[PDB]
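In C-alpha cells, the next block holds one chain alone, the form deposited in one PDB entry.
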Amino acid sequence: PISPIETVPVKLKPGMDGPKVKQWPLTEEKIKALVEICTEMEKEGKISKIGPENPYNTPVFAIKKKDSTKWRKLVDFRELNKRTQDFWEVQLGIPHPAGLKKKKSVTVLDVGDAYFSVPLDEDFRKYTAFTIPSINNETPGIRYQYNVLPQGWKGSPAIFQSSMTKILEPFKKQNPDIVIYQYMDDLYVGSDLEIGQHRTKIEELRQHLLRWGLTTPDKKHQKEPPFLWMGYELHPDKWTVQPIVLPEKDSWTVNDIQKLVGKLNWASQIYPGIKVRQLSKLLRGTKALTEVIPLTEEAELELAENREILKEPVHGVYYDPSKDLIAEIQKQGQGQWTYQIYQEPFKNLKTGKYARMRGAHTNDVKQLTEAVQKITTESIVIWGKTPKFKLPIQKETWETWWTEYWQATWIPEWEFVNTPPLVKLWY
C-alpha cells in the first residue's frame, strides 16, 4: 500500500560502501526518454533531484520490452544489490516451485510497478542515485535518488513479499493448480491449461491485481508478422538438454581418430569411465594424417561403449542452492550457440543449444544477447536464480552494443573469456 506506512530499515553489508559506478554514454533518443520518464517520476514524488554531496551512482538506461513501442527506464543495480544486506525475509522460504518448469505454459508479467507505492528507508535512499547524461556534456548530468522501492533492486521484492502474497491469496485459492513464482520485478504464472484457457486466466489475474493497485503490461495484439510474440510466454515442456556425441562414418583416417581420441580425453573429465587406450595404441606410429588407417584393434569395443557412457547423467551432480550458477556460451557458427550451466566444473546441471534465429544472421552481439536472456530466463524458471555468464566476446565489443538488444528487466552478472579449442567438443 502506498499509504503513509512505515519504512523497513535497510542496511548495506558490513564494511561495504555505496556504489560508485560510472554512467555510460547514451544516445539522444534514450536521453530524451529518460528525461521524460524522470520528470514525471519526480512530479509524482517517487524520485528527487540531489546534489554533488551525494557521492554514489548506478548506471541508468532505456530499453523496449519485447515488441513494445514504450521506452522503459532500467537502472543497473548490480553493484547495489551485491552490497545490500541479504534479506532473511523468506529467503529459504517459498522453496522454488520445482513444478514451475514442468508446466505447459508460463507467462511472465512485469509487476515492478507495485514497488512505486512502498516508501524507501530515508537513510538508504542516497545509495540509489543515478545520473542522466547530457549530449556532448552540455550540462552537468541530471541526478536523482529514489524515494520509494526501486525496480531492479534486490530489496524491492523482499520488502513487498508481504503484500504481494496477500494479493495473490484470492487467486491462488480459486485456482489451486496455477503456479506463481516471483523473481525481481517479474511474476511467473504457469498452468497446464490450453493456451487459450491459459491466456484467459492471465488476463483474469491481471485484472485482479489491477483491482488491488498494481498495473501490469497489456496484451495489445499479436499482428506482428516477423514472429515477435513468442517472448514472455514460455513453454518449459520443450526444454531439452544437449547430449555429447561422437562422429560416425565408413572410413576413418588417422586425423579422425586423433580428433576422436582427443575429444574423448576431455570428455573423460566429466565421466571418469571412458577408456582411451584401445584407440591410442591404434594410433601408434608417425603416420600421415590423410592415411585411412583401418578401424581395428577392437576399436568398436570402447568406441561403442564410450558412446553409451555419454547416455547417463553425471555421477554426483545435483543443484546446491547455496552457490552461484555459472554459464558458458560457445559460438558454433551459423546462428548456432551452445551453452552450459554448472556450479562445479564438469558437473553440468544443464547443457543446451540456443538455436532460434539460427538462420543466416549478421549480428553476433544481438544473438549472444538474446541467448544470454534465454539462458537467464530458463535459470529463473528452473532454479529461480540467474547465473554468472562467461561471455565469448571482447569486453569493449560487448559494452558498445548489448543495451541495444536488451529487453529483460534484470541484468545478470557476466565476465569475458577467450574461448579456446573446446567449442567443437560440444558439436
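Note that residue numbering begins at 1 and tracks the sequence as displayed. We call the rigid core whatever largest set of C-alpha positions still superposes within 1.5 Å between the two forms.
One more form of this protein should be noted, the form deposited in another entry, which is absent from this view; the next part is about it.
Rigid core superposed between this form and the one not shown, residues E399, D364, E40, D67 considered: the one with a C-alpha shift of 2 Å or more is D67. Comparing the forms between this form and the one not shown on their rigid core, the Cα displacement of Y188 stays under 2 Å. Once you line up the core between this form and the one not shown, the Cα of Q334 stays within less than 2 Å of where it was.
After superposition on the rigid core, displacement of the C-alpha of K323 between this form and the one not shown stays below 2 Å.
Between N363 and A360, the C-alpha separation shrinks by 3 Å or more in the other form, relative to the conformation displayed. Between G231 and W406, the Cα distance is greater in the other form than in this structure, by no less than 3 angstroms.
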